[PDB]
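Novice: Sending over a structure as structure tokens; questions will come in a sec.
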Amino acid sequence: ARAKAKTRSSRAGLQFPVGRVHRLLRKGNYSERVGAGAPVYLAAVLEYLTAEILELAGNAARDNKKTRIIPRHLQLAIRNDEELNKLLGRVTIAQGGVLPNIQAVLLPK
Amino acid sequence: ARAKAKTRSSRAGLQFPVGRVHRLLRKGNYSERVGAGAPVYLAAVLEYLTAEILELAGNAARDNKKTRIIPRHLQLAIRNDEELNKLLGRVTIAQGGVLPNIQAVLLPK
Amino acid sequence: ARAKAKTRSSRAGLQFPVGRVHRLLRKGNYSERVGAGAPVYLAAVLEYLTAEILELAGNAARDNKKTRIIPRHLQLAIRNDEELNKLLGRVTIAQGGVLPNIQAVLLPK
Amino acid sequence: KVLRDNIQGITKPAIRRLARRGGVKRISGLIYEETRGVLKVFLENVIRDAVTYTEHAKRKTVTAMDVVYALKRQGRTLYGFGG
Amino acid sequence: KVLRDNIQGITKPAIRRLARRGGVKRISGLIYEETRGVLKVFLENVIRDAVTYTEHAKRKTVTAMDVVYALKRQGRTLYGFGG
Amino acid sequence: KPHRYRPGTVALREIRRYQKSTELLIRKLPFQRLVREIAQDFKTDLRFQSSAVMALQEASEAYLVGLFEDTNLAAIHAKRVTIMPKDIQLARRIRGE
Amino acid sequence: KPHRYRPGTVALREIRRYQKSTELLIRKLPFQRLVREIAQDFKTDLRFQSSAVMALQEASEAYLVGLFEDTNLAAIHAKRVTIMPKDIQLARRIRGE
Amino acid sequence: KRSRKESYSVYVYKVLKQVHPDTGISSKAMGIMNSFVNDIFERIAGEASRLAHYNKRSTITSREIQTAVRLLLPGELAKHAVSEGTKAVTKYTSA
Amino acid sequence: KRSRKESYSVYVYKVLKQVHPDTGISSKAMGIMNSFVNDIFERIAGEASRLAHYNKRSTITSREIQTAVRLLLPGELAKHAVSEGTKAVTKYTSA
Amino acid sequence: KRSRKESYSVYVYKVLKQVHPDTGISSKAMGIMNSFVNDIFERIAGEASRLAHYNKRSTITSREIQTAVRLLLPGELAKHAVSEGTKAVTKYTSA
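Printed below as a string of structure tokens:
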């Protein structure tokens with residue numbers, strides 16, 4: 010009578026919810042109609058960027074010898090990638106701190 | 010009466026042929042059975058390696074203002090990457106040439 | 010009404026097990042079918058090779074007046090044959106030691 | 020629990036012994052640390068593969084047979100430990 | 020038909036060309052014949068292998084697949100010939 | 037006076053050219069002749085794919101060229117700029133040829 | 037007067053001795069310590085067969101020794117008798133490492 | 030009795046164990062990720078809506094989203110995101 | 030009348046147009062790529078075969094292939110291949 | 030007791046007494062000879078499999094074993110190995 014339900018995220022094979030993002034765009038007042046591949050494309054690019062920043066966070070935590078990522082790792086990761094840095098130059102992280110950075114003449118001699 | 014034909018490469022969402030690699034592994038005599046995910050994983054790995062080396066060859070061709078990939082471009086792309094050089098230290102390429110490389114003592118003054 | 014179970018190594022006048030090597034080839038997955046004379050030929054080749062290396066080892070042990078062969082004698086035999094060393098240049102014997110070799114410039118006047 | 024400095028356990032006289040086995044008559048003072056680095060590189064190259072074999076064997080104990088597999092992978096096959 | 024000293028068919032300026040592709044600055048006069056012998060050893064090894072492939076193939080003509088099999092037998096793998 | 041470059045300048049320019057170039061440094065016909073000459077010694081009436089001879093070529097300059105960077109490293113190790121055949125012998129023996 | 041050998045004579049006798057010998061020249065337990073130290077950098081708290089440690093010791097000593105014959109060849113090729121780390125770097129670069 | 034609240038924790042958890050099985054996470058770092066995904070989603074959606082108005086197109090397709098991410102995401106991130114989304118929409122098209 | 034011969038032409042050309050839509054290719058470079066992809070195929074396949082022998086398994090799974098990738102491919106290409114292949118295996122698992 | 034573990038002690042001991050009735054053998058040297066014979070065996074098996082694949086041969090026979098031993102073994106070792114194997118093949122052919 011009816012086939013087993015297969016999710017569109019599974020049909021794409023990506024982890025972000027296609028149906029949730031499509032519902033958000035339907036109720037977010039951006040267009041009267043949305044092409045079917047558009048939220049899939051959105052979920053894909055979101056999962057790519059979250060994946061890469063998670064690589065950066067995991068590398069930062071492993072450099073800090075910590076198993077779990079912290080907002081300081083997020084600060085250190087997001088400020089040392091220039092595309093990400095100017096992507097979020099005006100975006101602020103809770104309890105992130107700052108980069109270790111000292112101007113040259115501040116040092117002695 | 011029958012389900013429509015759908016490729017296993019698409020079932021992985023990949024371009025490299027799952028069925029061809031599966032048949033080659035079965036007839037290549039490596040084990041008398043093979044796990045289902047093994048040739049999919051293999052084709053994914055080869056597709057990834059081909060994509061990254063094709064990116065590097067594309068950068069090499071763009072740097073020399075040529076639209077098409079050349080074995081010279083392949084030689085320059087592989088030999089200038091220490092990772093791929095260590096992958097292919099014993100591999101020779103037809104009509105590839107070498108890196109433009111001189112010793113400093115061979116230079117004058 | 011079975012005949013006496015005779016052995017194929019004796020049939021070829023050989024020492025190495027024909028049946029065991031044939032079993033290894035059938036289970037080592039090199040082809041699904043194996044010609045009958047092929048393990049016989051292989052066992053003969055192996056017997057020949059073992060005969061020469063063991064003979065050289067016994068000669069070296071006799072040179073060192075030693076009645077029981079030594080891995081040092083194996084190293085001295087395998088390295089002092091040109092064709093054997095060309096066969097096995099990249100292979101190391103445990104506790105083999107090294108050849109006695111001093112360059113002439115290292116030697117004093 | 021942890022270990023911090025055992026690369027210095029490959030002492031200078033041991034390197035001298037190896038060099039006399041290597042037929043080296045005279046050894047500079049700058050040799051030993053560079054040989055320690057080279058040895059470290061070779062050991063890590065083989066033992067990363069050995070860890071890969073052992074974990075793929077689902078063991079937490081390192082076996083010599085995996086060491087044989089790793090050494091013959093890198094073209095450095097050793098006789099005297101097979102099986 | 021019968022050929023006699025085509026080893027000298029590798030001319031000295033061709034050897035200079037090969038050296039300059041290797042970035043060699045200055046070449047002795049003693050070099051060329053010695054390199055001819057070295058390449059002779061290399062070619063005779065690989066053609067021995069390729070021949071052995073060819074009579075095992077029951078073919079009279081050498082194919083490039085036999086050549087690339089011979090090179091990969093020597094750890095000198097070449098790409099671009101249908102391998 | 038006529039123009040005349042100092043020694044090594046032409047060598048530098050041709051090094052840059054041939055590193056930039058990929059084309060074959062061996063005349064093809066005597067190479068094919070030498071291949072047939074060697075192969076006849078092992079089996080009679082051997083015929084060749086021209087592509088097989090070409091693959092034999094780039095294998096030949098590959099092995100030779102790599103041998104000359106090894107030789108150049110030996111020479112710059114030996115504080116010289118002129119290579120000598122014992123440098124090639126050293127490179128072969130350290131590689132294990 | 038207490039005897040003192042002229043330099044290198046004892047070194048040559050060492051060469052003859054340790055070429056004659058077959059045993060391992062590395063202290064066994066410090067080698068085990070370093071092997072475990074490198075091991076925990078890949079996976080911590082592993083166990084070792086002592087046979088694996090001995091095999092690593094044999095292979096390591098063999099690789100080192102062959103490197104030293106190559107280094108000796110490079111040093112005498114540079115007309116010197118004292119080995120240098122640059123000789124080792126040269127040998128590793130020739131070997132393709 | 031409570032009300033269900035949306036968050037992106039579990040999908041990011043699958044992504045994290047996909048990219049780093051050995052690496053944990055703090056929950057306030059997940060709050061920062063939730064602000065991240067909501068903010069970038071809102072940026073792309075607003076860009077897509079304004080682009081759809083510019084060409085008077087009443088439907089936003091993956092072409093529009095591609096245009097928007099090319100606008101906002103720079104270069105390397107842009108080209109790899111384009112590649113990932115192109116593969117995703119292609120394998121969805123095959124599905 | 031000619032017997033059909035196998036090549037990797039369509040796959041390499043399509044992945045080229047994925048990674049660089051504007052970039053062409055020469056045919057002998059494609060021959061080099063054919064030799065490369067074949068060569069790595071037997072490298073991984075032979076590693077998988079011997080690893081299946083060493084654990085006495087007559088079935089080669091994705092674990093064996095991943096182990097072989099960690100062996101032959103050094104460093105970052107190995108872990109990137111592991112992540113992408115794990116994604117592909119997961120998508121096939123959903124398939 | 031335990032499961033049986035395969036070894037080549039008896040055959041090598043017989044061959045040793047064929048070449049030297051007088052001398053003895055050490056067990057670590059016995060392990061060396063087992064490693065040696067297993068290494069050569071797996072080599073020859075590998076090139077036999079490769080050559081049978083090249084001629085697309087489903088059956089591995091003696092002729093390519095001869096080809097492979099001529100390929101690996103240098104010179105007179107190879108020729109005498111051919112001679113010994115040919116003799117044994119003829120004797121087994123005559124049962």
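Chains as they are written, first to last, in the authors' numbering: chain Q, 10 to 118; chain G, 10 to 118; chain C, 10 to 118; chain F, 20 to 102; chain B, 20 to 102; chain A, 37 to 133; chain E, 37 to 133; chain R, 30 to 124; chain H, 30 to 124; chain D, 30 to 124.
We treat Cβ as the ideally placed atom computed from N, Cα and C, and that holds for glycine.
Would you say the beta carbon of E:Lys-64 comes nearer than 7 Å to a heavy atom of the ligand ADP?
Specialist: Absence of the ligand ADP from the depicted structure is noted, as is the absence of any ligand whatsoever, leaving it without description.
Novice: Looking at the C-beta of D:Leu-106, does it have a partner C-beta in chain B at a distance below 8 Å?
Specialist: no
Novice: Pull up the distance between the alpha-carbon of G:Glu-64 and that of B:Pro-32, whole angstroms please.
Specialist: 38 Å
Novice: Just checking, does the segment 35–44 of chain Q make contact with the segment 36–56 of chain H on the three C-beta pairs under 8 Å criterion?
Specialist: no
Novice: Between the C-alpha atoms of G:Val-114 and H:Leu-102, what's the straight-line distance to the nearest angstrom?
Specialist: Spanning the alpha carbons of G:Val-114 and H:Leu-102 requires a straight line of approximately 35 Å.
Novice: On the criterion of 16 or more Cβ atoms from any shown chain inside 10 Å, does H:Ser-64 qualify as buried, or is it exposed?
Specialist: buried
Novice: How many whole angstroms separate the CB atoms of residue 5 of chain G and H:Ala-81, which I take to be in contact at a CB cut-off of 8 Å?
Specialist: No statement about residue 5 of chain G is possible, as the shown extent of chain G runs from 10 to 118 and does not include it.
Novice: Mind checking who C:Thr-101 pairs with in its DSSP beta bridge?
Specialist: F:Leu-97
Novice: Under 7 Å between beta-carbons, which chain G residues line up against R:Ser-123? List them in chain order, please.
Specialist: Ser-19
Novice: What in chain C is Cβ-close to D:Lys-43, meaning under 7 Å?
Specialist: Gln-24
Novice: Could you run through the segment 45–78 of chain D and flag, in chain order, every residue whose CB is less than 8 Å away from some CB of chain F?
Specialist: From the segment 45–78 of chain D, only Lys-57, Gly-60, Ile-61, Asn-63, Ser-64, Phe-65, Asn-67 and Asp-68 have a Cβ closer than 8 Å to chain F.
Novice: The alpha helix (DSSP H) that contains R:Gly-75, what's its start and end?
Specialist: If you look at R:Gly-75, you'll find it in the alpha helix (DSSP H) that goes 56–83.
Novice: Are at least three pairs of beta-carbons, each pair with one atom in the segment 87–98 of chain Q and one in the segment 75–90 of chain R, less than 8 Å apart?
Specialist: The answer is no - the segment 75–90 of chain R does not touch the segment 87–98 of chain Q, with fewer than three Cβ pairs under 8 Å.
Novice: Could you have a look at G:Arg-77 and say whether DSSP puts it in helix, strand or coil?
Specialist: strand
Novice: Could you pull the DSSP bridge partners for R:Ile-89 from this structure?
Specialist: Q:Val-43
Novice: What residues from chain H crowd round F:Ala-76, counting only those whose CB sits closer than 7 Å?
Specialist: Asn-84
Novice: Please report the Cβ distance between C:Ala-66 and C:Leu-83, rounded to the nearest whole angstrom; I am assuming they are in contact, meaning their Cβ atoms lie under 8 Å.
Specialist: The Cβ separation is near 5 Å, so the contact holds.
Novice: State the Cα-Cα distance for the pair F:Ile-26 and F:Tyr-51, rounded to the nearest angstrom.
Specialist: 11 Å
Novice: How is the alpha helix (DSSP H) around E:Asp-123 delimited, first residue to last?
Specialist: 121–131
Novice: Less than 8 Å between the CB atoms is what I'm expecting for R:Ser-56 and H:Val-48, so what's the real figure, rounded?
Specialist: The Cβ separation is near 38 Å, so there is no contact.
Novice: Could you tell me which residues DSSP pairs with A:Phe-84 in its beta bridges?
Specialist: B:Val-81
Novice: Among the residues of its own chain, which have a CB less than 8 Å from the CB of D:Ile-54, if the five just before and after it don't count?
Specialist: Answer for D:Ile-54: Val-41, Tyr-42 and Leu-45, listed in chain order.
Novice: Between which two residues does the alpha helix (DSSP H) holding Q:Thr-16 run?
Specialist: No alpha helix (DSSP H) holds Q:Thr-16; DSSP gives it neither H nor E.
Novice: Using a Cβ cut-off of 8 Å, pull out every chain H residue sitting near R:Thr-115, in sequence order please.
Specialist: Here the neighbours are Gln-47.
Novice: Report the three-state DSSP secondary structure of R:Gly-104 (helix, strand or coil).
Specialist: R:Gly-104 sits in a helix when the DSSP states are folded into three classes.
Novice: Between F:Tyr-88 and the rest of its own chain, which residues show a CB-CB distance below 6 Å, the 5 nearest in sequence each way excluded?
Specialist: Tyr-72
Novice: What does C:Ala-66 reach in chain E if we use C-beta pairs closer than 8 Å?
Specialist: Under the 8 Å cutoff, chain E gives no residues; its nearest Cβ is about 14 Å from C:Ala-66.
Novice: My output table needs one value for R:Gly-114: the three-state DSSP class, helix, strand or coil.
Specialist: Here DSSP, grouped into helix, strand and coil, assigns R:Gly-114 to helix.
Novice: Any idea which residues DSSP pairs R:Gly-53 with across the strands?
Specialist: Q:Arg-77
Novice: Please confirm whether R:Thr-52 and Q:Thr-16 have their CB atoms less than 8 Å apart.
Specialist: For the pair R:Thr-52 and Q:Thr-16, the CB atoms are not nearer than the 8 Å cut-off.
Novice: Given a threshold of 16 other Cβ atoms within 10 Å of its Cβ, counted over all protein chains shown, does G:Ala-14 qualify as buried or as exposed?
Specialist: exposed
Novice: Please name the residue in F:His-75, F:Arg-78 and F:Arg-67 whose C-alpha comes closest to that of F:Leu-90.
Specialist: Ranked by how close their Cα comes to the Cα of F:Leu-90, the residues F:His-75, F:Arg-78 and F:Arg-67 have F:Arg-67 in first place.
Novice: When DSSP labels each residue in this structure, what does D:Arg-31 get in the three-state scheme?
Specialist: coil
Novice: Going by other Cβ atoms of all chains shown within 10 Å of its Cβ, with 16 needed for buried, is F:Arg-36 buried or exposed?
Specialist: buried
Novice: Note the first and the last residue of the continuous alpha helix (DSSP H) segment covering R:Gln-47.
Specialist: 38–48
Novice: Taking C-alpha atoms, which residue in Q:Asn-110, Q:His-31, Q:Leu-97 and Q:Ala-21 lies nearest to R:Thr-88?
Specialist: Q:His-31
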